[PDB]
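Presented below, as structure tokens, is a lone chain in the form deposited in one PDB entry.
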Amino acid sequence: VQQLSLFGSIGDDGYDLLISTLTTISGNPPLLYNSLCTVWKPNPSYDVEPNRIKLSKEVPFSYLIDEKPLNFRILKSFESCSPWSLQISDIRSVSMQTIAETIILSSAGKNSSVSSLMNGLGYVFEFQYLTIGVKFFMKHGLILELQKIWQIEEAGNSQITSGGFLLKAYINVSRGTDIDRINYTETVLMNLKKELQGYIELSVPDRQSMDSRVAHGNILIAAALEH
């Protein structure tokens, strides 16, 4: 698929406001969701001349919340393998990215852990992060994700977005869609950008940010680290 997107952030203080505003613009409620992602790269020891592989899934919320009721406000208080989405992405007033995806449903055998399966393909673990947020469905396939992100590291977790939330606005279109449709799609994003001016600055991450080691070729992480 082809993904067009924009990113921006706000401090914790404007969260309720942005939430209310997005509810008004879309006419819909904020839907809570989370995703755990692991990034993998070709084993450097094998020297192959970089298509990173990203594995992603949802985790039940009870694994991230402790212990009354669950909603958008919760964000303020901050052996077969399982199924995983497997993605490989590659690269203009908006961000444009091509995404190749397949779904992993299960595994079996001696080395069935998702980690062994990746080593089997010649890849090694590189980075891991967790996102928790709310999303809004808007017109024309437009999707908004207001989230906080955590890098899960061997020596402890760290909220990359501490102090605020990262906002991602995107639209997925068919690969090979007309130049006119791509243009139209970009148009919807610019319209959301204007409509949200004063509330939040929507833009595409630079290249210095896009290339920093800390981002691991990941646009979302790059955007979160930018501001």
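By rigid core we mean the largest C-alpha set that fits within 1.5 Å across both forms. In case it trips you up, residue 1 is the first one in the sequence shown, and so on.
Although it is not shown, the form deposited with a partner chain bound is what the next lines describe.
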(message) Suppose contact means a heavy atom within 4.5 Å; in the deposited bound form, does that hold for all of 126, 162 and 209 with the partner chain?
(response) yes
(message) Please determine whether residue 39 contacts the partner chain in the deposited bound form, using a 4.5 Å cut-off between heavy atoms.
(response) yes
(message) Can you tell me if residue 62 lies within 4.5 angstroms of the partner chain in the deposited bound form, counting non-hydrogen atoms only?
(response) no
(message) Just checking whether residue 4 would be counted as a contact of the partner chain in the deposited bound form - the rule being heavy atoms within 4.5 angstroms.
(response) no
(message) With a cut-off of 4.5 Å between heavy atoms, is residue 191 one of the residues that contacts the partner chain in the deposited bound form?
(response) no
(request) Please check if residue 13 moves between this form and the one not shown, taking a CA shift of 2 Å or more relative to the superposed core as movement. (result) no
(message) Could you check, with the core superposed, whether the Cα atom of residue 25 shifts 2 Å or more between this form and the one not shown?
(response) no
(request) Based on a C-alpha change of 3 angstroms or more, tell me if residue 214 and residue 103 lie closer or farther in the deposited bound form than in the shown form. (result) closer
(message) Quick one: with a 3 Å or larger change, is the residue 213 to residue 97 CA distance smaller or larger in the deposited bound form? Answer closer or farther.
(response) closer
